[PDB]
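Right, one structure below, let's go through it.
In this analysis, Cβ positions are derived from the backbone assuming ideal geometry, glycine residues included, and neighbour counts consider all displayed protein chains. Where a number appears in this text, it was derived from the coordinates with a stated rule and is not lab data.
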Amino acid sequence: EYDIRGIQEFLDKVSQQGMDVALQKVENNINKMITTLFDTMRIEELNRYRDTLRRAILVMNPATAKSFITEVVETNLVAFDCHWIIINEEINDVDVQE
Amino acid sequence: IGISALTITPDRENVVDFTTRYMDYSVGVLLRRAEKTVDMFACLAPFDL
Amino acid sequence: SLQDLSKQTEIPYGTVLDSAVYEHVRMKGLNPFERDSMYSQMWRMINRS
């Protein structure tokens, strides 16, 4: 439900410094999304994917973020070195804990 | 309200809200019992009665 | 237990379609970064045809 015009201003301020920004929508059917990767990518390419998730930004509804963090961690696509930032305007103290 | 053996999973929890869990989950298997037994007739088993 | 069962082939095995168990086994089986090597075996039996 995010309207990516709201980050139209990263473009001319990270293409300059030359970082490797990527987008990717997160579905409602998380498990279909994850399993399609294991079903379709080569085991060479997929090892260049875990190289990216060591950094991330999440911009989403916390009730989705909980389930996405749980699926990503549980499928072992990340390890003790990642540094996922999360941003929102509203997150109450029940969800910071979880 | 729904109530049964309904295991919590993130893709379900995304659209309905679960209480604290009241019993722990576990996968298992059911198999048929075999034979291998011993009896008085085992002395005579090589031939039909 | 379960670790041998993934290796024998004289007795076939399976589960209820579109249960949570079926999706659990599909999740573990495809994942190339699984540490175990039982789960990615079982899928090759269940998924026949």
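The rows are residues; the columns are (1) of a type in the set (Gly, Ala, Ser); (2) surrounded by fewer than 16 Cβ atoms within 10 Å (Cβ to Cβ); (3) out of contact with any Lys or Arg (no Cβ under 8 Å at 6 or more places or on another chain).
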site: C:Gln8; (1), (2), (3): no, yes, yes
site: C:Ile11; (1), (2), (3): no, yes, yes
site: C:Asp18; (1), (2), (3): no, yes, yes
site: C:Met27; (1), (2), (3): no, no, yes
site: C:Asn31; (1), (2), (3): no, no, yes
site: C:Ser49; (1), (2), (3): yes, yes, yes
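Name every residue in region A:29-45 that is without any contact (Cβ under 8 Å) to a residue 24 or more places away in the chain and under 24 Å from A:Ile85 (Cβ atoms), in order of residue number.
A:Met33, A:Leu37
Which residue, of A:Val21, A:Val26, is in a loop (DSSP other than H, G, I, E, B), within 14 Å of chain B (Cβ to nearest Cβ) and either touching a residue at least 40 places away in the same chain (Cβ under 8 Å) or surrounded by fewer than 14 Cβ atoms within 10 Å (Cβ to Cβ) (or both)?
Answer to the selection: A:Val26.
Hey, any hits in region C:7-17 for a residue that's under 30 Å from A:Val78 (Cβ atoms) and within 14 Å of chain A (Cβ to nearest Cβ)? Before you say what the answer is, go through the steps one by one.
Looking only at region C:7-17, we keep the residues that are under 30 Å from A:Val78 (Cβ atoms), and these are C:15.
Narrowing the set further to residues that are within 14 Å of chain A (Cβ to nearest Cβ) leaves none.
Scanning region C:7-17, I find no residue that is under 30 Å from A:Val78 (Cβ atoms) and within 14 Å of chain A (Cβ to nearest Cβ), so the answer is no.
Return the residues of region B:1-24 that are within 28 Å of the chain's Cα centre (by Cα) and surrounded by 10 or more Cβ atoms within 10 Å (Cβ to Cβ); say none if nothing qualifies.
The answer is B:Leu6, B:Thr7, B:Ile8, B:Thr9, B:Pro10, B:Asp11, B:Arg12, B:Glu13, B:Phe18.
Among B:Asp48, B:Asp17, which is the only one that is in a loop (DSSP other than H, G, I, E, B) and within 21 Å of A:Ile30 (Cβ to Cβ)? So that I can check it myself, show each step before the final result.
Values: B:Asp48 fails: within 21 Å of A:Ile30 (Cβ to Cβ).
Only one candidate passes the filter, namely B:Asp17.
For region A:31-59, how many residues are within 11 Å of chain C (Cβ to nearest Cβ), part of a loop (DSSP other than H, G, I, E, B) and among the aliphatic types (A, V, I, L, M)?
Of the residues in that region, 2 qualify.
Out of all the residues in region B:6-29, which are of a type in the set (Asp, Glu) and more than 11 Å from every other protein chain (Cβ to nearest Cβ)?
Answer for region B:6-29, where residues must be of a type in the set (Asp, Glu) and more than 11 Å from every other protein chain (Cβ to nearest Cβ): just B:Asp24.
State which residue is farthest from the chain's Cα centre (by Cα) when the search covers only region A:70-81 and only residues that are more than 9 Å from every other protein chain (Cβ to nearest Cβ) and surrounded by 14 or more Cβ atoms within 10 Å (Cβ to Cβ).
Checked region A:70-81; the qualifying residue farthest from the chain's Cα centre (by Cα) is A:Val78.
Name the single residue that is farthest from the other protein chains (Cβ to nearest Cβ) among those in region A:1-18 being surrounded by 10 or more Cβ atoms within 10 Å (Cβ to Cβ) and outside any helix (DSSP H, G or I).
A:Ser15
Taking region B:26-44 as the region of interest, how many residues are in a loop (DSSP other than H, G, I, E, B) and surrounded by fewer than 10 Cβ atoms within 10 Å (Cβ to Cβ)?
Initial filter on region B:26-44 (in a loop (DSSP other than H, G, I, E, B)): B:26-39, B:44.
Pick out the ones that are also surrounded by fewer than 10 Cβ atoms within 10 Å (Cβ to Cβ) and you get B:26, B:28-39.
Looking only at that region, the number is 13.
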